[PDB]
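Q: Position 174 of the sequence shown, counted from 1, bears residue number 174 in the authors' numbering, the numbering being contiguous throughout. Okay, handing you the structure first.
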Amino acid sequence: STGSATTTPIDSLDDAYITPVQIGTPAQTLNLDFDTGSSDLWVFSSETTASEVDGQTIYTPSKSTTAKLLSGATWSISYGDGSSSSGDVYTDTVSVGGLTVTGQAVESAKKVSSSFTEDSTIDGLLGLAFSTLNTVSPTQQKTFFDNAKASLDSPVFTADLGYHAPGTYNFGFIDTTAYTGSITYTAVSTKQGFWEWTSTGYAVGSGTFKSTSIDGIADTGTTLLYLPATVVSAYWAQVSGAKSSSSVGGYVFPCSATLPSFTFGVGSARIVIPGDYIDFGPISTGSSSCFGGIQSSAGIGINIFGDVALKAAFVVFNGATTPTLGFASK
């Protein structure tokens with residue numbers, strides 16, 4: 001089997017991407033944030049505290065003839081931005097882009113933190129990291145990909161995120177028309193439950209490539225690119241007037257700037273992030289200070305190749321017995 005679904009930016013800045021997902025019978029379509037940095041599929045639901053729901057589409061398990069309470073199971077998760085959610089669990093039929101999993105754990109939120117409530121466009125998350133990170137207790141549950149894997153034509157999914165445009169998540173096949181040149185594959189460590197890999201270095205603009213190992217995670221759920229402070233300083237030093245602002249919470253730059261590209265290494269290959277991808281617009285409406293798309297990972301504890309990086313590439317998440325990651329230009 002295979003599946004193919006379009007993913008769409010939630011706003012003009014590509015702050016996140018939503019992908020329609022069918023849950024239950026008859027189908028209830030919710031728009032979920034596909035997140036390769038977590039492993040829970042959770043949704044706003046009929047059980048979510050009323051004051052914490054504001055415009056989201058909800059899953060109502062009582063209206064699904066295939067929903068079954070997973071008795072005794074609870075979940076609770078916190079994300080890298082400090083947001084959180086928790087609740088109980090159903091199993092139900094879940095389809096993505098024509099690919100169907102029966103008995104998928106669908107984690108129903110009873111509580112969500114304010115950032116979720118305040119974002120009307122995201123109805124939940126669909127985790128695509130390794131199932132070892134799944135938070136369901138007392139019986140850990142498998143991700144949608146893990147459940148689908150054996151049925152797929154090939155045990156892979158791909159992320160093809162657009163810059164200020166829709167893109168695609170495919171399951172079970174590699175669309176050879178979706179990228180240019182060849183795909184370069186690189187080793188993955190699953191020890192922390194992430195798609196963790198080691199970039200071979202970077203360049204700023206037309207500058208020389210610096211060969212240096214940068215361990216990090218491929219994380220579709222993260223908006224920005226978080227790298228070591230040394231690397232990030234070298235990038236922003238090439239932008240007149242750019243500075244790290246403690247008050248704003250990272251590097252900002254004059255909105256009048258033209259940003260340089262940023263290149264990262266994948267083995268001997270190179271992925272170029274155009275400068276425009278690194279512009280996240282005014283820090284507040286009408287400001288001439290703009291927020292940067294490359295930020296320091298210092299104090300996160302891990303480097304994160306988020307959407308800023310991934311949307312410059314066609315990315316293969318290879319879930320074979322020994323997982324790997326592939327990157328191609330596009």
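By construction, the Cβ of each residue, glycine as well, lies at the ideal position given by its N, Cα and C atoms.
Checking the sheet assignment: what are the DSSP bridge partners for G275?
A: Looking at the DSSP assignment, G275 forms no beta bridge with any residue, so it has no partner.
Q: One question on the structure: do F305 and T158 come within less than 9 Å of each other, judged by their Cβ atoms?
A: no
Q: Would you list the one or two residues that DSSP bridges to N170?
A: Residue pairing by DSSP places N170 opposite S4 and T158 in a beta bridge.
Q: Contact between the stretch 182–193 and the stretch 128–141: three or more CB pairs below 8 Å?
A: yes
Q: Between the Cα of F173 and those of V315, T263 and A16, spot the shortest distance and give me the residue it belongs to.
A: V315
Q: Need the endpoints of the alpha helix (DSSP H) that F145 sits in, please.
A: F144 to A148
Q: Is the beta carbon of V94 closer than 9 Å to that of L41?
A: yes
Q: Taking only three categories from DSSP, how would you classify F317?
A: DSSP places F317 in strand when its eight states are reduced to three.
Q: Select from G98, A218, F291 and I278 the residue whose C-alpha is nearest the C-alpha of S247.
A: Of the candidates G98, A218, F291 and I278, the one whose C-alpha sits nearest the C-alpha of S247 is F291.
Q: Please name the residue, chosen from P155, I278 and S86, that lies closest to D14 on a Cα-to-Cα basis.
A: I278
Q: Keeping to the same chain, check which residues put their C-beta closer than 6 Å to that of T7; ignore five residues upstream and five downstream.
A: If we look at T7 and ignore the five residues flanking it on each side, its Cβ neighbours are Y17, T19, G167 and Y169.
Q: Name the two residues that bound the continuous alpha helix (DSSP H) containing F116.
A: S114 to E118 is the span of the alpha helix (DSSP H), which, as asked, contains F116.
Q: By how many angstroms is the C-alpha of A27 removed from the C-alpha of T65?
A: 10 Å
Q: Since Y179 is in the alpha helix (DSSP H), which residue starts that stretch and which ends it?
A: Unbroken run through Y179: none, as it is neither H nor E.
Q: Taking C-alpha atoms, which residue in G37, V21, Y163 and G97 lies nearest to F44?
A: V21
Q: What are the boundary residues of the alpha helix (DSSP H) that includes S233?
A: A229 to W236
Q: Taking the straight line between their C-alpha atoms, what separation do you get for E118 and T208?
A: Distance between the alpha carbons of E118 and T208 is about 43 Å.
Q: Kindly identify the DSSP beta-bridge partner or partners of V89.
A: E107
Q: Going straight from the alpha carbon of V156 to that of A320, what length do you get?
A: 7 Å
Q: Flag this pair as touching only if the stretch 196–206 and the stretch 23–38 have three or more C-beta atom pairs under 8 Å; answer yes or no.
A: no
Q: So, for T57: in the same chain, excluding its five sequence neighbours on each side, which residues have a beta-carbon less than 6 Å away from its beta-carbon?
A: For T57, same chain residues with a beta-carbon under 6 Å away, outside a window of 5 residues either side, are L30 and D123 in chain order.
Q: Looking only at C-alpha atoms, which of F264, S244 and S240 sits nearest to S213?
A: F264
Q: Based on DSSP bridge pairs, tell me the residues matched to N303.
A: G216
Q: What separation, rounded to the nearest whole angstrom, lies between the Cα atoms of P9 and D219?
A: 16 Å
Q: Any idea which residues DSSP pairs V204 with across the strands?
A: By DSSP's assignment, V204 forms a beta bridge with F262.
Q: In whole angstroms, what is the alpha-carbon distance linking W236 and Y251?
A: 8 Å
Q: My assumption, with CB atoms under 8 Å, is that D307 sits in contact with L161. Please give the rounded CB distance.
A: 6 Å
Q: With burial defined as no fewer than 16 other Cβ atoms inside 10 Å of the residue's Cβ, what is the status of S85: buried or exposed?
A: buried
Q: In this structure, what does DSSP give as the bridge partners for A328?
A: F314
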